[PDB]
Structures are given as structure tokens and as C-alpha cells.
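Novice: Sequence, then the experimental structure. Questions to follow.
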Protein chains: 2
Amino acid sequence: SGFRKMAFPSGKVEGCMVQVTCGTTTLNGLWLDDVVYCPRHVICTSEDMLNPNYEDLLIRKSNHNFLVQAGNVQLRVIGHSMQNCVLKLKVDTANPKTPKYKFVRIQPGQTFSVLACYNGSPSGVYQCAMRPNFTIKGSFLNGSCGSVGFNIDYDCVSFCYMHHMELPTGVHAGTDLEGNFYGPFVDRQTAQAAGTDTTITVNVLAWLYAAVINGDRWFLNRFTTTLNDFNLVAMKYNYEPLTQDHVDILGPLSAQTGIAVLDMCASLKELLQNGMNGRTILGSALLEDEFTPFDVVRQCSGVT
Amino acid sequence: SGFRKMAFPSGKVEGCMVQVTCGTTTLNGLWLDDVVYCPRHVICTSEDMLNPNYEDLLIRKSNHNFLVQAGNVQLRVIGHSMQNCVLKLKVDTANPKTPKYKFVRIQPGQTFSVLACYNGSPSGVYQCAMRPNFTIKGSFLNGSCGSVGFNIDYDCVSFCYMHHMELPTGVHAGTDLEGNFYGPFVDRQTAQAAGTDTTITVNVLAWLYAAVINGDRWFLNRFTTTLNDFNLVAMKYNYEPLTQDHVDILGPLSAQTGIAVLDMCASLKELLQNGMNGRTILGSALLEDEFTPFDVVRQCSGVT
Ligand SMILES: *CC(=O)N1CCN(Cc2cnc(Cc3ccccc3)s2)CC1
Ligand SMILES: *CC(=O)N1CCN(Cc2cnc(Cc3ccccc3)s2)CC1
């Protein structure tokens, strides 16, 4: 028993982290097979970041300008190309620690682990969610760009995020491993405001199910509701609308606990309307939304 | 910017996890050099756990009864011994992935990362703290025993915890790597109640400093207090007494923010007395106590 904000084991990803330096900028790269992926803003000076023309800046760079170091050994760059907002640096050596992998583009509400790195070296691992406004709330200092987000399915690492920037409000933006930003963000030091950071309703319900499985049951009430009634309340509280797809995904949790999804929605509705009254659920005084239904099943079952 | 509950990268520890089976019980083992460490209750049947005499049960076990598997390859056991509540299984092969390591016994209030494992395979990593009542609030299912807690200092892993049991209240108990339980707990299926789970005051103050460094400043007030006055309030709220040693340890955070430790104590005193009033600090609606002052400095500076 017990329920924790749990990250995937990071070993498979640690073996892929490298340092990439172009001129005076050093950030992280992801080395998979004979390609190193990194944010294209590694070619920028702090002056360039204000309004960079990446194609033009890249013309002044040659393979030998990209210094790639894996541990304390230098990798030989034999090609370079820009794919959207990432650079792909072809090296002459395949990463011998390359795990089975995929590049996936996640949907808002999906969680993933981040291996925060500096100078190609891992500093820590934590769990994030792609917010409904396409930002993530991470922990990233200067030098952390190029750190990646991922999920693991037994032995296959699905990379979903590469860190590129921090908005003026302290929230984070990045791309998938094809270099496409999540949301409307651009790799430019310009006015970029995030939209409404709504709560991931389906995740909150999954976490309420985890609470029941782990013994926290005070919030269970004698009520039920409908999808439409619940959604009127969810709209009022800046929660994402709950769909039949979300109800279906919560089916295994509903089956395990014997609590119908709509009954849990009515418990959530009362928590939104009445608050916690100074009480806690799974050690939290707020409704946690960074556990998906899959995460709750995975953690409550013990998938390795 | 941003502040997350961050675990150490788990790769160095993943390379040490093995499966240990004795009869019908399978749990995790830690393989360092040519020794595999595991909870001694691996020799128990569910019937034995009620009142086990470990020395007597161990007499009926031989080296060949301890099945140790690292990945899909079997390790040859050439010796076995009991040290307190752990068994040390000498194998004929040194773990080629053994990192630089130490065995440390932590004090309450200290944090560490846990690599939750099942059948010698890593499932996830999360951050814990040794509670003042010597329990930890983990996420452990049956089969997770033998999973370990650790800290890392650059390339040296300091192992501090091995998981042994869950109390009837859903909290966890275990040993250091010398096999001595933290607290008064015993490896027996018997009535073991935990003492008061008080809040780790020095950790809360460190986390308030992290909040200020990361932009959350609403809770800063116009007041100050003294150690004795603050401690009268801390006693009332089941917070650990703050000592001059704790004040000294908070010195670098005080210096970085320009907020004197006693002024932060006065902010904490008002938060205890008035509550949060529906507001949050670093995404939390409660005062977080599982970040030490060292953790805050480490994360806010980017140590790898
Ligand atoms: C996320 C990440 O690692 N990066 C993107 C943001 N930059 C910010 C900086 C750029 N240059 C720096 C050093 C400097 C400061 C002032 C004048 C000249 C150079 S920090 C870091 C990389
Ligand atoms: C923490 C950990 O991994 N362990 C300590 C607690 N045991 C509990 C169990 C013991 N035997 C089990 C299977 C069984 C159930 C009922 C009757 C006979 C066998 S679960 C697991 C290991």
C-alpha cells in the first residue's frame, strides 16, 4: 500500500545523455543509435535568441562546430540537420547503451518522467504532466535544455518531450523528439503567455480511486451525478470536461473498487463545492491531477 | 526555475537489483561486489512470520536454497550469513555494475530516493523522508521487500534503507544495510503501532526558502520571532523543535534570499496559526517537509 508520485526508473535514459556545445552554449543531447538530438537554440548566442533565423544561423555552422561529449569521451560529428526545432547530429558511433525506443507525441493530460540533466549529466528524475495549456511544470535551470521526458513499457522507452524553454511565468515549454513544440510556443525570447491551466479531471478521478484502494475513503458520499451535471460543475471550477472516453478508461478502477464512475464524479463534485475542510487525501490538501488512470493501475499492480 | 519532488537518477541502483527466492517467497536483493543483501524474512513461510525464530529457521537453509537471479541469469551462492535483520548471500561473481558505494544510517528528517522493485526488476523511483517516528511513507506492494533507499554524491551511492514491512496503518518500516531497523520495529507480523508523525520543521523552512527563490512570496510577513517563541508554536502544531543546528544549516538559504532564518520562522508561525486561506505554495496546499536544506540547495543549484 501507499501511493507516491513515482517516476520511471531512469537508467535506460541516463545511458543516452550527452553534452552538446556550440560556441559558448552548452546543453544536453539525447544519443540514440548514431544520432544526437538537441534543441536547435544551441546555435544561438544570447543576442540571437531575441529574433533568431535558425536556417541562417545554421549556415555558419559545420559538423566540427558541434562538440558532443558522452561522459569524458568526444563523439565525432559526421552530419547535421535541422528537423523543426531540434538538431540531429549524426555521429560516427552508435550509442552502445541505446535502449529499445520510440518517439511519441503525447496529448495534454498525459504524464511522463523527466530526467533533469546538466552538461550531459543526470541530476534528478521527477514526474510531470503535459498541462491542458501545453506547458509543463518542471524544475529546470539554465543548462537543463535538451533534458527529456519519457515513458517506459517494459523495455521500450517512449520519448515524448525535450526541454527548450521557460516562459516569463516560470512554466516550461518544449518539443516532442521530432522537434515540434507542444502548444503554440516558439524558441524565441519573446512575449509568450500560457492559456488557462485547467485541471485534468480524468486524472483527479483516477487519483480518487487510488485513494480508495489505499484506504483514504472519507470523501466518498451518498450521491451520484450525470456526465452533463458533473460537467457544469467542472466548467465552473476550470476542470476539463469529462467524456464517455474518460469514463471508459476509468472502467478498471471502477471495477476494482466497486465504485461507479459517476458516483466518484459526485464525490469530486462535493469536494469542488465544499472544499477539503482542512482534511487531506493521499497526503495532499489539493486534488492531484498528475496521475493518469494508467499510472494508478500501474502503481497499484506493480508493473516492472 | 520550478521546484519538484525529485529523486536521484536510479541507474546506478538498477544495476544492483536482483531477485532472491527461498522456497515459496520471492523478494528483491541488492548485489554489491560478491554479496547479495536481502531481508532475512525471505526464509519465512506466511505461518513463520507470526513469531519467527530466524536463527532456527536459518539452520534448515543451505546455500543452494537461496535462488538469486540477476536479469535472466542465475548467481551461484557460495556462502550465507545473517547480520541483524538482513541476510548476506556471498555469490561467486562480483557484480560488474557495482558502483562506488557506502552504507549509511540516516537520521529522522533525512530524505532519500527509493527504487521500488518487484522480482528484481525496477518499477519506479520516488523521494521519501525518514519520518520522526522512524517510519517512511512509501509505495510498496507485496514483492517490493528488499527494495532500497539511497542518496548519491556525484558517483558514490550511499544506501540507507532496505524495505522490510508495512504496518497495519499503511506506513512502512525497514532497516539500514547493516540490517538494523529504523525505530523500534521488528520483522514479525505483530501489533506494531507508530508514534507521532511530527512535521520536520527544518525541512519546511528549507522548502519555504525554495518557494521564495522560485517566486512564491505571498506568505512572507512583516514579523520576526525567537527560537523559543517559534518552538512554543511548533510544539502546539506537532512540529519538531527547531535548534541552533537547524538555523545554522539554513544559513546558505538565508544568505541567498536575504531572509533571516527567524523571519522565515515567523512566516511559518503565521501559516501554522492562520492556515493557507485556500492559497498554495509551490503547487501545494500543505507545508511540505520532505525536502532537506541540502535538497533545496542541490536542486536550486543543479548538482549532477
Ligand atoms: C534551457 C537552457 O538550458 N538554455 C536556454 C536558456 N539559456 C539562457 C542563457 C543564455 N546564455 C547564458 C549565459 C550568458 C548570460 C549573459 C550574457 C551572455 C551569456 S544563460 C541557457 C540555455
Ligand atoms: C514486503 C514483501 O515483499 N514481503 C513481505 C510480506 N509478504 C506477504 C506475503 C507472504 N506470503 C504471501 C503469499 C501467500 C499468501 C497467503 C498464503 C500463502 C502465501 S504474500 C510478501 C513479501
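Specialist: Yes, it's here. Residues are numbered from 1 along each chain as shown, chains lettered A, B, ... in the order given. Ligands and ions are numbered 1, 2, ... in the order given.

Novice: only C-alpha atoms for contact and neighbour calcs from this point on.
Specialist: Fine.

Novice: Can you classify the residue in the stretch 151-300 of chain A positioned nearest to ligand 2 by secondary structure?
Specialist: Residue nearest to ligand 2 within the stretch 151-300 of chain A (C-alpha to the nearest ligand atom): residue A:300, separated by 14.1 Å. Three-state call for residue A:300 (DSSP: H, G, I helix; E, B strand; the rest coil): helix.

Novice: For it, grab the count of nearby residues.
Specialist: Burial of residue A:300, expressed as a neighbour count using other C-alpha atoms under 10 Å in any protein chain shown, amounts to 18.

Novice: swap in residue A:108?
Specialist: Counted with other C-alpha under 10 Å, residue A:108 comes out at 17.

Novice: Roughly how far does it sit from residue B:243?
Specialist: Distance, residue A:108 to residue B:243, by C-alpha to C-alpha, to the nearest Å: 45 Å.

Novice: wait, what's in contact with the residue of the stretch 201-304 of chain A found nearest ligand 2?
Specialist: Distances between the stretch 201-304 of chain A and ligand 2 by C-alpha to the nearest ligand atom are smallest at residue A:302, namely 11.4 Å. Residue A:302 makes contact with B:118, B:123, B:141, according to C-alpha atoms under 8 Å, 6 or more residues apart in numbering or on different chains.

Novice: Give me the buried subset of those.
Specialist: B:118, B:123, B:141 (16 or more other C-alpha atoms under 10 Å in any protein chain shown).

Novice: which one of those residues sits closest to chain A?
Specialist: Distance to chain A across the buried ones among the contacts of residue A:302 (C-alpha to the nearest C-alpha) is lowest for residue B:123, with 4.1 Å.

Novice: so that closest one sits in a strand?
Specialist: Yes - membership of residue B:123 in a strand is supported by three-state DSSP.

Novice: check contacts around the closest residue to residue A:79 other than its chain neighbours.
Specialist: Using C-alpha to C-alpha, 6 or more residues apart in numbering or on different chains and skipping residues adjacent in sequence, the residue nearest residue A:79 is residue A:90, 4.7 Å away. Contact analysis of residue A:90 by C-alpha under 8 Å, 6+ apart lists A:34-36, A:77-80.

Novice: how many neighbours does residue A:2 have?
Specialist: Count around residue A:2 with other C-alpha under 10 Å applied: 21.

Novice: hmm, back to that, bridged to the residue nearest to residue A:79, which residues?
Specialist: residue A:35, residue A:79 (DSSP bridges).

Novice: picking up where we left off before, can you redo the buried ones among the contacts of residue A:302 as TSV with distance to chain A?
Specialist: Output for the buried ones among the contacts of residue A:302, formatted as TSV (distance: C-alpha to the nearest C-alpha, whole Å):
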residue	distance to chain A
B:118	7
B:123	4
B:141	6
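
Novice: Of these, which is the nearest to residue B:53?
Specialist: residue B:141 (24.7 Å; C-alpha to C-alpha).

Novice: That closest one contacts residue A:3, doesn't it?
Specialist: No - contact criterion C-alpha atoms under 8 Å: residue B:141 and residue A:3 do not qualify, at 10.1 Å.

Novice: Identify the contacts common to those two.
Specialist: With contacts taken as C-alpha under 8 Å, 6+ apart, residue B:141 and residue A:3 have residue A:300 as neighbours in common.

Novice: Could you find the closest non-adjacent residue to the residue of the stretch 151-300 of chain A found nearest chain B?
Specialist: Proximity of the stretch 151-300 of chain A to chain B (C-alpha to the nearest C-alpha) peaks at residue A:285, 5.1 Å away. In this structure, residue A:285 finds its nearest non-sequential neighbour in residue B:285, 5.1 Å apart by C-alpha to C-alpha, 6+ apart.
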